[PDB]
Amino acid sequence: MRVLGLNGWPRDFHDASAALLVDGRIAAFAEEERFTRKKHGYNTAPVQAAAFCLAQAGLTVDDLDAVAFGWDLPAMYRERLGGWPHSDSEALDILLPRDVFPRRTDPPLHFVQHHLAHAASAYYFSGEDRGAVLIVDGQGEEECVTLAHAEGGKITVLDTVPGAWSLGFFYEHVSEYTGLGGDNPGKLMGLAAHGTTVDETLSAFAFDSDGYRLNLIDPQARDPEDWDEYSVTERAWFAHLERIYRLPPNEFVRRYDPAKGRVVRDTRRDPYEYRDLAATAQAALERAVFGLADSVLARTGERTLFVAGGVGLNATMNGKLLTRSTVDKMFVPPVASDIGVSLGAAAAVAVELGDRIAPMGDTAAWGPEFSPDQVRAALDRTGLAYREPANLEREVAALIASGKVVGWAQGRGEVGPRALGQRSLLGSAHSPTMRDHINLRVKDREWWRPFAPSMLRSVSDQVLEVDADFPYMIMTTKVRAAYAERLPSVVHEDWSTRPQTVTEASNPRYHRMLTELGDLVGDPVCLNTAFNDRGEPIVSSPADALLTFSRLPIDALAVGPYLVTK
């Protein structure tokens, strides 16, 4: 079967994406934002991403067996908006506009419950036949947590937690409160590391062996003037935090900056000031989630844990789950967030149609790639001088070993928020100055942001305490003592790191470059951070890569078989 899975809608939506499954395999998968260059893919059908998927596979909508959407959108309209006005034909015209998606007839349209879509995106791609399912996000249609059992191809729901008790909303709100912003929860996690926790209940949470309770909010609290509990939870958490925390909300400042020639948005206070609140929010999230995970594992009698939902992006939390006595094996897909529900909806529908779903297999490289001709065209546009190195991987290795920063745009763009050797900025893992260089000099951002390493799978056993695959940078683990001081730019003081393990199959070129690097500095390990400028998504096209390379003090750009230097 050929099934196109979708997420993103013109009203009140985020993280639009499209995914095409062909006989259980990911033919193509991408986020709208990569194409629009507007972060988070807000308020839009995944028009461009779906266009890419079809082009990639050489299909039209007429070749599709089914279109799948990762929310029960009709039910949300019926419940929260007084009616679902669309025929399937009309919904399709909105999801796949005819001026972009010509069709003789309509494919069967499927709506998949939001948390089932999340769960499917983990279970079916994990390479494991059974496990316990833990979905934690902001909110699906109703619930904010789902506990389920995955076995024999089936996902069976055991329990849910209602939206008002959302751990995702809680976290966003704290992130917003600190001035980091609700749209950047990942920064809050980064900041938590520098703080100290006093009272992990925040005077709101009560914890138990199966999870948590939120006394701050009626669990059945509901917004009659919207279709999720975001605003209701926002007002409760903001009143509460101002009451118990020493600092009031950090305020956003909008002012004309004569250096930039623009009104820019800033914060009234340095958010580093809220590090204790971050630390505390992070401890609370961990505690709540440990209980939930323990609970679903015991109830199902599994020792494999699947996690998805936006909270699943909390790599710090994931790593501690991993080391938990109740967990043997863990799988969290790179696309744990809503970007993943397109793929999840496609899977749930393809499985329903008798398809067998292949494992992701240690790669998230499903987006667009570009031929040498296509890269060369973009280079000739700029008029910039460039070389075509006989051995690019070796030259890149030497650049990195010497302490230089190298843009690396190769192969199919990765999907998800993490750069993984297709659209990365590369630098020395061994350099005790590289972190400040990239944070301050290169990305002109916060000194306290952490960096993470890519390493050959074939050495990770010696480098890391756990001999497992870590293909996605979605899970933190500790390094072994023989490496806990060798890699200062990618390893914290507590010896923790958020690694990508690389196999030769998953990424031959990158694997080769890492190999060369190893001969130069001993360890086939580098710093691998997102290839983007503040306020843009990861670069996608060669023109994107050139544009960003041009405005950042990077040393080189390896784009396709070409090298460009500054």
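Residues carry their position along the shown sequence, with the first being 1.
*Asks:* Tell me which stretch has the larger mean Cα B-factor in this entry, 157-165 or 342-350.
*Replies:* Looking at the recorded C-alpha B-factors, 157-165 comes out higher on average.
*Asks:* So which stretch wins on mean C-alpha B-factor, 58-66 or 498-506?
*Replies:* If you average the C-alpha B-factors of 58-66 and of 498-506, the larger mean comes out for 498-506.
*Asks:* Comparing recorded Cα B-factors across 458, 113, 89, 146, which one is largest?
*Replies:* Max CA B-factor in the entry, restricted to 458, 113, 89, 146: 458.
*Asks:* Whose C-alpha has the highest temperature factor in the PDB entry: 357, 336, 322, 400?
*Replies:* It is 322.
*Asks:* Should residue 241 be placed in the lowest, middle or highest third of its chain by the C-alpha B factor in the entry?
*Replies:* Answer is middle: the recorded C-alpha B-factor places it there.
*Asks:* Would you please rank residue 186 by its C-alpha temperature factor against the other modelled residues of its chain and give the third it falls in: lowest, middle or highest?
*Replies:* Lowest third of the chain for residue 186's C-alpha B-factor.
*Asks:* Name the third of the chain's ranked CA B-factors that contains residue 255, choosing lowest, middle or highest.
*Replies:* It belongs to the middle third of the chain when residues are ordered by C-alpha B-factor.
*Asks:* Based on the entry's values, in what third of the chain does the Cα temperature factor of residue 376 lie: lowest, middle or highest?
*Replies:* According to the entry, residue 376 has a C-alpha B-factor in the chain's highest third.
*Asks:* For the chain shown, is the CA B-factor of residue 46 in the lowest, middle or highest third of its modelled residues?
*Replies:* Bottom third by C-alpha B-factor.
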